[PDB]
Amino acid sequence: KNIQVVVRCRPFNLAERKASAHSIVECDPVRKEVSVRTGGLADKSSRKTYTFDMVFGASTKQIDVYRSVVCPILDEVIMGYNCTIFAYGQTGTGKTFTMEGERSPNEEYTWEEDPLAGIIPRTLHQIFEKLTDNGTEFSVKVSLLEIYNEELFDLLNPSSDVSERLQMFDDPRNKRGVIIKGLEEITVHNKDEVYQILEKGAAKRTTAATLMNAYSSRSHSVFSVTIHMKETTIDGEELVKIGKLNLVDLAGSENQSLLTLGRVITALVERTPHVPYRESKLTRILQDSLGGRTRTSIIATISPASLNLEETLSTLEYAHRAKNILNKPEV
């Protein structure tokens, strides 16, 4: 089962518009193609075109990404599978906008109806809508860690100092798994507890950014939600499903974890014997998502601007080749 790769192009921002930026990206959602204009002033006709599993153009809204991509993934998680979605792309292209979102100003929407909310809050909101009172006895727990300079910080930890570090070990019970020693896993009892948790998480990250150089662009963010489901069959049997969803917002593609991820992906695509998972914190964490039994999706984010031609091409090639990686989703 191949890793699914989608592309999301953001709209122009104000600074690009003030610089009279030209578009070099055309997205065709129906053909699922992205075509980029590569020849600038010299060669008006040259393009590079790629087919992906889905393509989202500049007008795609947060809700569109959720309906197209996330909903199907979540339903699989609820069936008791493990799934991973990660965002890959240049700093400034919308990785964080996509994975987390933002709050619209003034207080003019609830967090659950905010059009700027991204994948994490919609996912948590939906977990509760989908399972609450639908018979399922169920629990939800969340964690949020960040990797920076191969050190591990805990955004949800009750410790008031964000710099207190985690430690990673192999998990003796799960052959591709790790244990994040010290990681705070918060039980979310109902959706009315969701916002405050995320909010405190974001406030610790804000502090971290004042502490460490180029923090948000160099950091990888790893959000995980685990759903324990217990049901009761008409026969009398008690049956337990456990689903886990990893939501990952990588460092800007433009560095050991980012570097090792590339080497890991390259080794998977070229079927080379040794896959260097152990050489970074990120790839140890993602081992099961990258040639394990976790179902993995990639969202490659790009800018439409001519200025960014080179990184836009690099992102598309990187993402396109990852469509060849096969996982064995199973639970």
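The first residue of the shown sequence is 1; numbering continues from there. So that the term is clear: the rigid core is the largest set of C-alpha atoms that superpose within 1.5 Å between two forms.
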{"property": "Larger mean CA deviation from the shown form in 7 other deposited structures of this protein [core fit; 313-321 vs 8-16]", "result": "8-16"}
{"property": "Comparing 181-189 and 126-134 where Cα RMS over structures and residues is taken in 7 other deposited structures of this protein (core fit), larger one", "result": "126-134"}
{"property": "Third-or-more of other entries without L41", "result": "yes"}
{"property": "No coordinates for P172 in a third or more of the other PDB entries", "result": "no"}
{"property": "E254-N255 interval: deposited residues absent from the model", "result": "10 or more"}
{"property": "Between 195-203 and 87-95 (mean CA B-factor, as deposited), the higher", "result": "195-203"}
{"property": "Stretch with the greater mean C-alpha B-factor as recorded in the entry, comparing 231-239 against 209-217", "result": "231-239"}
{"property": "Top Cα B factor in the deposited entry, candidates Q167, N246, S143, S104", "result": "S104"}
{"property": "Residue with maximal Cα B-factor (values as given in the PDB entry) among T110, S163, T260, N149", "result": "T110"}
{"property": "Chain-relative CA temperature factor third for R271", "result": "highest"}
{"property": "Lowest, middle or highest third - CA B-factor, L326", "result": "highest"}
{"property": "Third of the chain's Cα B-factor distribution that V30 belongs to, per the entry", "result": "highest"}
{"property": "Third of chain Cα B-factors occupied by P158", "result": "middle"}
{"property": "Third of the chain, ranked by Cα B-factor, where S306 sits", "result": "lowest"}
